[PDB]
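Every chain is numbered from 1, with letters handed out A, B, ... down the list of sequences. The figures here come from the full heavy-atom set of this structure, side chains too, leaving out hydrogens, waters and symmetry mates.
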2 protein chains.
Amino acid sequence: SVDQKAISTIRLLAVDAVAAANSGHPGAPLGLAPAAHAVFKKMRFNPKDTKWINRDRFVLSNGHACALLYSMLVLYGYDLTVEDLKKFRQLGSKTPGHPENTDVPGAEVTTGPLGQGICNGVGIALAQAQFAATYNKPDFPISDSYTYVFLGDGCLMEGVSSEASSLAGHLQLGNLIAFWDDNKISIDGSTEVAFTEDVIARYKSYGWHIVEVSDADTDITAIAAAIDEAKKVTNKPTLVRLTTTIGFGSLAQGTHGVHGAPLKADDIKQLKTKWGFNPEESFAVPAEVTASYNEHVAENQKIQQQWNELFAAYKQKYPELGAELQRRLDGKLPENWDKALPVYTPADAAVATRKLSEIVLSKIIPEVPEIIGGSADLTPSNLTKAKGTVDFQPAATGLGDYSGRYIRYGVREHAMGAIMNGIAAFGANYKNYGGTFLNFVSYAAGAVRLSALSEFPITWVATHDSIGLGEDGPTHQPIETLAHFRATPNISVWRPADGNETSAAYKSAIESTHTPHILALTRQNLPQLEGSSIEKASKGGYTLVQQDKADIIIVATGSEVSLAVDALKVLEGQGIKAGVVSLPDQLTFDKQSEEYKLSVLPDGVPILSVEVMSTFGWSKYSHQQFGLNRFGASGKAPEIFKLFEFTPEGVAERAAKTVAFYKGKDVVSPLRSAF
Amino acid sequence: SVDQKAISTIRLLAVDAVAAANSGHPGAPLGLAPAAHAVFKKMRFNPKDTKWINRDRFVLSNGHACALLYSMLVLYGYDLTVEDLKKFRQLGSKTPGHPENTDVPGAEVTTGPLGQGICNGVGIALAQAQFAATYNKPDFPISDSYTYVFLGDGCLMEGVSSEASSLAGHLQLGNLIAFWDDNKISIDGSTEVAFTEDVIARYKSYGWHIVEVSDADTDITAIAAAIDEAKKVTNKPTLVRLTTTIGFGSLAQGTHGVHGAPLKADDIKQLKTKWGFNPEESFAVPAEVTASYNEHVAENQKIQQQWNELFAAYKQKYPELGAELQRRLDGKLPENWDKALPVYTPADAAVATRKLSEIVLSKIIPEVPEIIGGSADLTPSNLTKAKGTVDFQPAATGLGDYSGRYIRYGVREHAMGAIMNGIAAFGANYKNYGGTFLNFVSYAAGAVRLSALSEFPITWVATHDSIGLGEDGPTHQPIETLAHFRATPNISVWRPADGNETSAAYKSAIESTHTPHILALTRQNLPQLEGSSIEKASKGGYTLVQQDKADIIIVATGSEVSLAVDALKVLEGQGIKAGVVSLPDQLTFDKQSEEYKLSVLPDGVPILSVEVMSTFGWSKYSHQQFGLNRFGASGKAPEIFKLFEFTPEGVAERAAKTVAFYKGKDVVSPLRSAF
Ligand SMILES: Cc1ncc(C[n+]2c([C@](O)(CO)[C@@H](O)[C@H](O)[C@H](O)COP(=O)(O)O)sc(CCOP(=O)(O)OP(=O)(O)O)c2C)c(N)n1
Ligand SMILES: Cc1ncc(C[n+]2c([C@](O)(CO)[C@@H](O)[C@H](O)[C@H](O)COP(=O)(O)O)sc(CCOP(=O)(O)OP(=O)(O)O)c2C)c(N)n1
Ligand SMILES: [Ca+2]
Ligand SMILES: [Ca+2]
């Protein structure tokens, strides 16, 4: 039949792509081609408009199987061709060895690191539910799309998927339909060696619906019926168990050897001949398959065309919501939204930056509907909920509604990070955030790095940034954390010192379209600074205290800027004149012009950095570094600062030593380099 | 009764400790005091010998509840007193706000970061099973101890605990007995807001046994009976559901407000009077309680005394095993074990450092019985199993035995990291390791940081260290990873360049007693270097190519040392003389004498670093840095190196620019500083 021919075409494209690269993963593509064919025939999508907001989404969580995804995209006429498949895994191609949303048309997210994609799917589904609750009206199903996810045993072993699956079951996300490739093989061999749990019983315990397809190597009727069944269960996410043979059809089917290396040439020949293809030919695309797939595309395009008319009619029937929706689909924030950002003066009271963050959120959430966010069981400590908002919960629970704004992630930092990526991937201008302690952002590193690689504008509200948190002690106090994330490409790491800098950090985080943000915020109170503003802090680094005859410049962040200002006064009594630079975001600073940066960190003067955690990175901006390169301590925070000499006198002593060390030396800006 | 008085004493000590600090967590201590009393009465331990190898172990996974643990330790006469309790959460005390094994007698591991402790308990139990299988004989139960773990809802939400619980169920770890504090309250409020899964059904799906105690606020008979029942189920770990009231007895019992802040003074008064204590008194320890607890200590000490005689008799009956066991309990490796380390010459073939690692393991595993380890589903890629060894599995599976050496962790990096910490915490000189790709060590950051803080000699075999892995692409290629872990205190991060450096890295990792190791290893082949040796590489950094008239020194690691040697030859053709330094471990190097370090990185010569990932940290050792501060690419590895100019010519160009940049300047070693 044509369906059989399509499945064979998909299988053979994937095998031929791996063969051409002499690298990659043929096993899961062979096993999942029937399911991929069946799912894509049920999906609504436009290969010519990858951003249609009411498309169904597909996520390949077992990203190593991406020859399968690329084959589907090529067959359906996305902006990806057979010539791209022939360049699978080759430098600069559109077909990298794991899917990247920045590079691959039709890749909603970046997968490859196991466990992430299913969590991203939870976030796409969460966003769709929130979006639909916000905009849909009687006779106006603006958003009614599904989220389809393929995942394997490896994703099911990764703890992040357990976190997201528990939460998705709690949230009753009925438009999420995941498919487990139950092939009983991972890299080390049979799952009997390490993964003998009853996966189905576990998913039932989370509140998921289950459909089992016992012959997923051939039974596309049952796979399609499983989708229809899942669509009837509107209050539970569904897991479809696809019992498959890894490498189905290969001489080496059912073995770990077919997971991750190219097939032998004679194996590929026998695959072709068994399925009616020419063993001398590679990258065959039977015209019957193209015709069948084109029929489905044409139907989907007519569905989108009708959706566009529904949207036009919605704008007439619901003028206010319709204009808001239009603006969001155009990728624009509300005009002058930033006028809601709080502004402080040096006469205002000292405030912890966690509390300043609460105040920002309480002003901007009412102004910017596409802001949603939550905390990983730290709401009253991170201060991430605006008073008066409703939680995102299924209404059946009585605890919230899908139109709610605030997500109770539970103690699930890693899944929160990956869910945030999915919410961003949904689109519609969502600007979403997640709170935890800075030290526990590290639990989510797998997802955070993917925020950076995927270019998603997600925001971590990362409070309790340092030893300033005090008594909870060294298991809670960051040392390495800023260095880790600053060393990752494409992460803005804001460490605001005061009220105005906190508003600048949020301006950046909400305006972002391609750069994730981490906002490192304090437990302890900090004074409002003389010389700060949103305008200056928006440059990432700025001269706070200008001293034209400086003997030294002190560059600092966050809680250490006030410390530097107090040290400047001690230094004056020692006959040393200092300037102060505040560097709330190193990435934003780095992106300024060379001349602006030199106006902040000029030649001809020693520069000392002060920040109460690792000194890594700081030589970009300073000649000497005063930091904390050991673990912290459990005690009252001011006593910990005194112990480590992060005091006005301790900073002054190191500044004076720095001045002396450079006496008789020629000093050029740390910004200069040989290449 | 005296048991009731003991429970009240524990509760009130914990509340009074929190009150004295005006900081900390009274709720779970109040709820878990009955269970703590019951568990410690069942446990075998010696307060005067915290290292008795056949003790039962206790782990407080909900580490915020540590006022409870400290109260138990004080009551039982560990080296912790009421005076220490009065200094709870105070700088420098023995009673920090979360338990630290380095500081607190009787704290087996460091908890506070949720989810870790239960996983550590899995590792203690894994080690006990392996140890018992290795040493026990008929009439000689050398090891027969249990592992008791308390954990809360937060630990159950963290994905790392799901990973470890799936694995522990697979491994049939019948001497693990965990207790869930089922109090339905976390920081954000009721667990109904975020955590509505059927935990018991989930644990059954992993193959755990369940016992439910419906009134754990009072029913210590049922808690004791649950322990006895768990001990009869020898092939399953047990989860005991303790249904408790958080803050039991408080006016604010059953609320999130009692989780994490001190009780009101009038609340403490009514707690005392209800339980028969003097509301005017704090830190009361009724002598009846001390007497009762001392009886149990005396009995336990007689048990240890008999164990010591069993051990003496074992050494006579099993002379070979007995001597091995003695040596391990003394903390000593086999005499001259390091003679088994492979040694290479520059005439030997190029080898990837993952393969050199395999060869090291295959030589030292037969020589050092206390080495065990595994991989997170990457055994044939990390090359972490010595041929001929047996896997650690329950014999009932037919797949291994508890005497096995090699652990199939599955796709569970975070739990592997925390399990490794538990194996180290067991003691008996275990030197254990875990393989994954370097980029996915990041999934385990929560546990890795605790390896450092806890001072455990665990080892990550972290292959596929760079863009040198090639086609799997940027989701797999580390950039930030070395910087992150090097910026963490107390992590040796070895990046060996060749065969001799790989043997030095293992020498360090196996000899370690207080410092975790990460071995960053290559997929691609590297040449054997002229000038390398175990002796020189053991210094962490050394002069590979000495050039007395150097115009520049190139410092490099791993795969970039050979690149630097090739660049030296290009530079010679340009009239520039270079030296080369190899820096296989920055931490080990930093610990050498100032004079040794200056012999490697002298004054008076520009120094350029070369390493194909982040430049963070490198200014400690260099004036200019050539690194990779952007994500990688999917393609054949040599093409990626060429794209980013990590070629002999690209290094030479930057070296020549560095020489020019310092013409006419006075250059001092990067090792100098102002303070
Ligand atoms: C977070 C995480 N951890 C481990 C992995 C590694 N991994 C993976 C890869 O890195 C690919 O993403 C490797 O396959 C990798 O390409 C090769 O090992 C490279 O070989 P070599 O020639 O360089 O030696 S896949 C994988 C487990 C596969 O188990 P599954 O059951 O999910 O997939 P299956 O049904 O067998 O196809 C596992 C465990 C990952 N992708 N993400
Ligand atoms: C990996 C990880 N993530 C989050 C946490 C945070 N956390 C914790 C702490 O950091 C303590 O370890 C906080 O309590 C912290 O001390 C306060 O929030 C500080 O307050 P503030 O005065 O500074 O505002 S405990 C916790 C959840 C508690 O839920 P559980 O159900 O485990 O404990 P319970 O029965 O309620 O006592 C949670 C979620 C953690 N310890 N580890
Ligand atoms: Ca599989
Ligand atoms: Ca709880």
Side-chain angles (χ1 to χ4, degrees), chain B residues 46 49-57 108 123-145 147 175 303-342 360-374 384-393 395 400-407 419-420 422-434 456-459 503 506-514 517:
Chain B
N46 187 351
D49 184 0
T50 58
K51 296 303 190 185
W52 173 33
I53 200 71
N54 201 37
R55 70 190 181 274
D56 296 319
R57 279 78 170 170
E108 298 289 342
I124 293 166
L126 194 166
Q128 186 281 321
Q130 203 280 338
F131 184 72
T134 300
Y135 295 106
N136 287 9
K137 291 293 180 180
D139 301 327
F140 289 94
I142 298 299
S143 175
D144 63 6
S145 58
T147 304
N175 283 21
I303 292 170
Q304 181 179 3
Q305 177 179 318
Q306 292 174 86
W307 185 89
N308 283 341
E309 299 310 298
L310 185 74
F311 179 51
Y314 180 82
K315 291 189 272 190
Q316 192 178 358
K317 182 74 183 181
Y318 297 98
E320 311 85 358
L321 284 172
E324 173 177 301
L325 174 61
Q326 178 74 54
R327 178 191 54 69
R328 288 176 61 162
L329 297 181
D330 289 333
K332 295 174 196 167
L333 284 164
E335 290 303 304
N336 297 314
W337 73 280
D338 60 304
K339 293 186 185 291
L341 291 166
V360 172
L361 290 168
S362 303
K363 299 308 179 189
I364 68 173
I365 284 169
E367 297 305 315
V368 184
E370 60 261 51
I371 299 174
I372 66 173
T384 35
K385 182 173 180 177
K387 188 169 190 68
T389 59
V390 164
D391 293 353
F392 181 87
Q393 302 273 18
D401 185 59
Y402 287 152
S403 68
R405 300 294 287 279
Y406 192 71
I407 302 158
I419 290 166
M420 285 202 287
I423 294 165
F426 180 86
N429 217 46
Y430 273 113
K431 307 296 189 163
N432 85 113
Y433 67 86
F456 291 141
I458 62 75
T459 300
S503 283
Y506 270 100
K507 192 174 187 288
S508 183
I510 299 304
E511 280 175 351
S512 183
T513 56
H514 290 84
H517 280 58

Self-check item: Ion pair B:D391/B:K385, N-O distance below 4.0 Å
Solution: yes
Self-check item: Sidechain N-carboxylate O distance under 4.0 Å for B:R55, B:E108
Solution: yes
Can you tell me how far apart [atom1] ([X]) and [atom2] ([Y]) are? Round to the nearest 0.5 Å.
{"X": "B:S362", "Y": "B:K387", "atom1": "OG", "atom2": "NZ", "value": "10.0 Å"}
{"X": "B:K315", "Y": "B:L321", "atom1": "NZ", "atom2": "CG", "value": "13.0 Å"}
{"X": "B:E320", "Y": "B:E324", "atom1": "CD", "atom2": "CD", "value": "10.0 Å"}
{"X": "B:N54", "Y": "B:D144", "atom1": "CG", "atom2": "CG", "value": "4.5 Å"}
{"X": "B:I364", "Y": "B:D338", "atom1": "CD1", "atom2": "CG", "value": "10.0 Å"}

Side chain proximity check, [X] to [Y], heavy atoms < 4.5 angstrom:
{"X": "B:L333", "Y": "B:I510", "result": "yes"}
{"X": "B:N175", "Y": "B:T147", "result": "no"}
{"X": "B:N432", "Y": "B:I458", "result": "yes"}
{"X": "B:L310", "Y": "B:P141", "result": "yes"}
{"X": "B:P334", "Y": "B:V368", "result": "yes"}
{"X": "B:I124", "Y": "B:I423", "result": "no"}
{"X": "B:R328", "Y": "B:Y430", "result": "yes"}
{"X": "B:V360", "Y": "B:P342", "result": "yes"}

Quiz prompt | From CA spacing to verdict: side chain to side chain contact (heavy atoms under 4.5 Å, CB included), B:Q326, B:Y314 | solution = CA-CA 11 Å; B:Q326 178 74 54; B:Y314 180 82; over 6 Å; no
Exercise. Determine, step by step, whether B:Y433 and B:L361 satisfy the side chain to side chain contact (heavy atoms under 4.5 Å, CB included) criterion, reporting the C-alpha distance in whole Å, the side-chain angles of both residues, the deciding distance to 0.1 Å, and the verdict.
Key: CA-CA 10 Å; B:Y433 67 86; B:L361 290 168; 3.9 Å; yes
Minimum heavy-atom distance [X]-[Y], with the two atoms named:
{"X": "B:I365", "Y": "B:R405", "answer": "O-NH2, 3.0 Å"}
{"X": "B:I53", "Y": "B:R57", "answer": "O-NH1, 2.9 Å"}
{"X": "B:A509", "Y": "B:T459", "answer": "CB-OG1, 3.4 Å"}

Exercise. For residues 362-371 of chain B, pull every pair meeting salt bridge (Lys or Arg N to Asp or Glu O under 4.0 Å), keeping only residues two or more places apart or in separate chains.
Key: B:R327-B:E370
Quiz item: Sequence neighbours excluded, which residues qualify as ring pair (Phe, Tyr, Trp, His ring centres under 6.0 Å) partners of B:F131?
Solution: B:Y135, B:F426
Exercise. Could I get the full list of ring pair (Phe, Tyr, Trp, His ring centres under 6.0 Å) partners for B:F392, not counting sequence neighbours?
Key: B:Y402
Does a donor on one side chain sit under 3.5 Å from an acceptor on the other, for [X] and [Y]?
{"X": "B:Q128", "Y": "B:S145", "answer": "no"}
{"X": "B:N308", "Y": "B:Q304", "answer": "no"}
{"X": "B:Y406", "Y": "B:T384", "answer": "yes"}

Quiz item: Within a reach of under 6.0 Å around CG of B:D139, are more than 12 heavy atoms found that belong to other residues, nucleotides or ligands?
Solution: no
Self-check item: Derivation and outcome, side chain to side chain contact (heavy atoms under 4.5 Å, CB included), residues B:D401 and B:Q393
Solution: CA-CA 5 Å; B:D401 185 59; B:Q393 302 273 18; over 6 Å; no
Practice problem: In sequence, state the C-alpha distance, the side-chain angles, and the governing distance for B:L341 and B:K507, and then conclude on side chain to side chain contact (heavy atoms under 4.5 Å, CB included). | Solution: CA-CA 8 Å; B:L341 291 166; B:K507 192 174 187 288; 3.8 Å; yes
Exercise. Fit a plane to each ring of B:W307 and B:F311, take the angle between them on a 0 to 90° scale, and name the class: parallel (under 30°), tilted (30 to 60°) or perpendicular (over 60°).
Key: parallel
Quiz item: Distance-only, no hydrogens or angles: does the B:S512 side chain make a donor-acceptor pair with backbone N or O of B:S508 under 3.5 Å?
Solution: no
